[PDB]
Amino acid sequence: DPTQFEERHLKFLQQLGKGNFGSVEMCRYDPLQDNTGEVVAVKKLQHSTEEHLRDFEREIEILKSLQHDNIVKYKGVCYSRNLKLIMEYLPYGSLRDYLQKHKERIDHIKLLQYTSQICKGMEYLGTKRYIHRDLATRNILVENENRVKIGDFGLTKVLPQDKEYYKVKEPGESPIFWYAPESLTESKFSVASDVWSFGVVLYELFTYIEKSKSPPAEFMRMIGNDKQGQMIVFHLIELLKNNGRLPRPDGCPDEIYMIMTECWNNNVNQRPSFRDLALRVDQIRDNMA
Ligand SMILES: Cc1ccc(Cl)cc1-n1cc(-c2ncnn3cccc23)cc1C(N)=O
């Protein structure tokens, strides 16, 4: 049974990233002990407390239920009752790191390949009634020059059967610079708040991840760098409610700026669908090709 991985055969190779309650490591699954076994990504909990183990086991079922070209591939689990999630290893790292390293050597046509792929993983995700909540280029991974995948689901929620939003009553980690207004004010997440975050990803891509231009740097400038802690969220809400928005990235095509701004609509119902976004991005790619 290949989806059962023995703990004692997973050899630590390298640390890949950490956040909040988890980390991901590159490991070799080497049960022949001759360094020839498969290299894999392993997610585990940093503080494997009871409540986090239950959240993480639901995160694992989330990922196992997803099969899509632009979602990272589940391989299995490792039981010791601590839990390691086993995934394919994607060797070009996170899209945030990748773009920052190759920056303009990646051209507009390539950025839109990535954008289309991202959009299509999200659209698929939404057909299972999952809300990602953390869509940002740091959570997208690069398989090779032609393929990116959504690569972490640690904040992902499942919508209630009878509701189109999930309200998070005691928020933990919150990437508030990527959040829709309603998510800031009422902690409500929906496909439409994922679409809002996707306009932020498009922004990230077209700024080539220039740090002085990142969403946190730009929003902090607009509300004033003196704002701190919970005042950031107060002033960010006021800013967004008054149409303050991230700027058009330098050299961004018009049609691409129009899409970000349409994803950043205050009116939830006026944000585009991921299905229409993929249609539109692939049209733009076609026009450019
Ligand atoms: C995206 C992400 C979010 C949270 C955590 Cl703890 C790790 C990651 N992560 C996952 C990876 C990763 N790299 C390569 N293959 N792979 C498969 C699944 C996750 C990965 C890299 C990182 C990272 N933080 O840089």
Side-chain angles (χ1 to χ4, degrees), residues 3-8 10 12 15-27 40-67 71-89 94 121-122 125-136 138-141 149-180 182-194 196-197 216 229-230 232-233 236:
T3 75
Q4 298 310 320
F5 286 79
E6 307 185 47
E7 179 142 68
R8 72 180 194 150
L10 271 186
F12 180 84
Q15 215 219 213
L16 297 176
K18 282 182 144 182
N20 257 70
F21 301 99
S23 77
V24 180
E25 312 163 333
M26 172 188 212
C27 285
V40 287
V42 186
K43 181 161 186 189
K44 55 188 224 217
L45 285 191
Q46 294 179 69
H47 309 82
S48 37
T49 74
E50 283 312 310
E51 176 195 331
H52 296 110
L53 268 164
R54 282 180 196 107
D55 295 335
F56 194 42
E57 186 153 27
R58 300 198 41 143
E59 169 182 349
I60 290 160
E61 288 302 325
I62 288 159
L63 180 72
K64 180 155 52 155
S65 81
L66 300 172
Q67 290 144 248
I71 293 185
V72 69
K73 295 173 158 161
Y74 167 88
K75 291 186 153 271
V77 296
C78 168
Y79 301 86
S80 75
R81 184 176 184 268
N82 200 35
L83 277 174
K84 288 170 187 189
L85 163 64
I86 315 305
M87 303 170 281
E88 65 182 341
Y89 173 64
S94 85
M122 287 306 294
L125 194 64
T127 68
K128 312 250 166 209
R129 297 186 52 75
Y130 294 162
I131 314 304
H132 193 279
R133 299 174 59 236
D134 198 19
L135 208 207
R138 57 173 169 88
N139 293 321
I140 302 299
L141 301 169
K149 311 190 194 202
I150 298 164
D152 188 77
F153 295 83
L155 300 194
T156 297
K157 296 291 170 187
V158 184
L159 293 168
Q161 188 184 107
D162 60 329
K163 267 186 155 57
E164 308 315 307
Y165 60 89
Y166 186 103
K167 172 162 319 218
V168 173
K169 306 175 319 175
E170 299 194 342
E173 186 184 325
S174 298
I176 65 170
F177 303 109
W178 277 250
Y179 270 16
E182 68 277 9
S183 301
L184 302 166
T185 52
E186 293 175 305
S187 200
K188 284 173 44 161
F189 302 83
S190 63
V191 168
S193 66
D194 279 348
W196 177 285
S197 313
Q230 66 186 128
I232 302 172
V233 182
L236 181 53

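These values consider heavy atoms only, across backbone and side chains, with no hydrogens, waters or symmetry-generated copies. The first residue in the sequence is number 1, and the count goes up from there.
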Note to self: Closer than 3.5 angstrom, by distance alone: can the side chain of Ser197 be matched with the main-chain N or O of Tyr179 as a donor-acceptor pair?
What the structure shows: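 Checking the backbone N and O of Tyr179 against the side chain of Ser197, no donor-acceptor pair under 3.5 Å is found.
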
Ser23 side chain to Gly19 backbone, donor-acceptor under 3.5 Å
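Flag not set: sc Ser23 to bb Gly19 has no pair under 3.5 Å.
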
Output yes when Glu61 and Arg58 qualify as a salt bridge under the 4.0 Å nitrogen-oxygen rule, no when they do not.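 So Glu61 does not pair with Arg58 through a salt bridge.
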
- Going by an N to O cut-off under 4.0 Å, is there a salt bridge joining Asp152 and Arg138?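 Salt bridge: no.
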
*Determine whether the side chains of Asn139 and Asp134 contain a donor N or O and an acceptor N or O closer than 3.5 Å.*
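Yes - a donor-acceptor pair under 3.5 Å links their side chains.
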
If you look at every heavy atom in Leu10 and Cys27, which pair is closest and at what distance?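 Heavy atoms of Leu10 and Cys27 come nearest at CD2-CB, 4.2 Å.
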
*asked:* On a heavy-atom basis, which atom in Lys188 and which in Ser183 lie closest, and how many Å separate them?
replied: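 Shortest heavy-atom contact: O-OG, 2.8 Å.
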
Pairwise distance [atom1]([X]) to [atom2]([Y]) - rounded to 0.5 angstrom:
{"X": "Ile86", "Y": "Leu63", "atom1": "CD1", "atom2": "CG", "result": "11.5 Å"}
{"X": "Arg54", "Y": "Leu83", "atom1": "CZ", "atom2": "CG", "result": "11.5 Å"}
{"X": "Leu85", "Y": "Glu59", "atom1": "CG", "atom2": "CD", "result": "6.5 Å"}
{"X": "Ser65", "Y": "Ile60", "atom1": "OG", "atom2": "CD1", "result": "12.5 Å"}
{"X": "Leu184", "Y": "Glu186", "atom1": "CG", "atom2": "CD", "result": "11.0 Å"}
{"X": "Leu236", "Y": "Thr185", "atom1": "CG", "atom2": "OG1", "result": "10.5 Å"}

Q: Give the intermediate values and the outcome of side chain to side chain contact (heavy atoms under 4.5 Å, CB included) for residues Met26 and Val40.
A: CA-CA 6 Å; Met26 172 188 212; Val40 287; over 6 Å; no

Determine which pairs satisfy side-chain hydrogen bond (donor to acceptor under 3.5 Å, both in side chains) with at least one residue from residues 164-178, sequence neighbours left out, and list them in order.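 Checked against side-chain hydrogen bond (donor to acceptor under 3.5 Å, both in side chains) - neighbours excluded - the pairs reaching residues 164-178 are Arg129-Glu164, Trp178-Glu204.
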
Any non-hydrogen side-chain atom of [X] less than 4.5 Å from a side-chain atom of [Y]?
{"X": "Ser94", "Y": "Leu16", "answer": "no"}
{"X": "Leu66", "Y": "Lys128", "answer": "yes"}
{"X": "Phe177", "Y": "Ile232", "answer": "yes"}

Check salt bridge (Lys or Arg N to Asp or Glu O under 4.0 Å) between [X] and all other residues, then give those that pass, not counting sequence neighbours.
{"X": "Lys18", "result": "none"}
{"X": "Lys157", "result": "none"}
{"X": "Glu6", "result": "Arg8"}
{"X": "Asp194", "result": "none"}

Requested in this report: Please list, chain by chain and in numerical order, all residues satisfying side-chain contact (heavy atoms from CB on, under 4.5 Å) with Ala192, sequence neighbours excluded.
Outcome: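 Only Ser190, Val268, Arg271 meet the side-chain contact (heavy atoms from CB on, under 4.5 Å) criterion with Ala192.
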
Worksheet entry | Pairing residues for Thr156 by the side-chain contact (heavy atoms from CB on, under 4.5 Å) criterion, not counting sequence neighbours |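 For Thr156 the side-chain contact (heavy atoms from CB on, under 4.5 Å) partners, ignoring immediate neighbours, are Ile62, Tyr130, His132, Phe153.
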
Report task. Step through the shown structure and confirm whether more than 12 heavy atoms of other residues, nucleotides or ligands are within 6.0 Å of CD on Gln4. Result ->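 Enclosed.
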
**Q.** Residues forming a side-chain hydrogen bond (donor to acceptor under 3.5 Å, both in side chains) with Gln230, sequence neighbours excluded
**A.**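 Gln230 satisfies side-chain hydrogen bond (donor to acceptor under 3.5 Å, both in side chains) with no other residue.
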
- request: Could I get the full list of side-chain hydrogen bond (donor to acceptor under 3.5 Å, both in side chains) partners for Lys44, not counting sequence neighbours?
  value: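 Counting only residues at least two positions away or on another chain, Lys44 forms a side-chain hydrogen bond (donor to acceptor under 3.5 Å, both in side chains) with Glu25.
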
- Message: What verdict does the side chain to side chain contact (heavy atoms under 4.5 Å, CB included) test give for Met87 and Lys43, after you've listed the backbone C-alpha separation in whole Å, the side-chain angles of each residue and the deciding distance to 0.1 Å?
- Response: CA-CA 8 Å; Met87 303 170 281; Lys43 181 161 186 189; 3.8 Å; yes

For residues 45-52, dump all side-chain donor-acceptor pairs below 3.5 Å to protein atoms at least two apart in sequence or in another chain.
{"unit_1": "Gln46", "atom_1": "NE2", "unit_2": "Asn20", "atom_2": "O", "d": "3.2"}
{"unit_1": "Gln46", "atom_1": "NE2", "unit_2": "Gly22", "atom_2": "O", "d": "2.8"}
{"unit_1": "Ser48", "atom_1": "OG", "unit_2": "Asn82", "atom_2": "OD1", "d": "3.4"}
{"unit_1": "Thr49", "atom_1": "OG1", "unit_2": "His52", "atom_2": "ND1", "d": "2.5"}

I'd like a table of donor-acceptor pairs (distance under 3.5 Å, sequence neighbours excluded) in which one partner is a side-chain atom from residues 71-79, with atom names and distances.
{"unit_1": "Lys75", "atom_1": "NZ", "unit_2": "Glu38", "atom_2": "OE1", "d": "3.2"}
{"unit_1": "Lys75", "atom_1": "NZ", "unit_2": "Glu38", "atom_2": "OE2", "d": "2.8"}

Would you please name every residue forming a ring pair (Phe, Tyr, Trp, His ring centres under 6.0 Å) with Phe5, sequence neighbours left out?
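Testing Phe5 for ring pair (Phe, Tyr, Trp, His ring centres under 6.0 Å), a comparison that skips the adjacent residues, returns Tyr29.
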
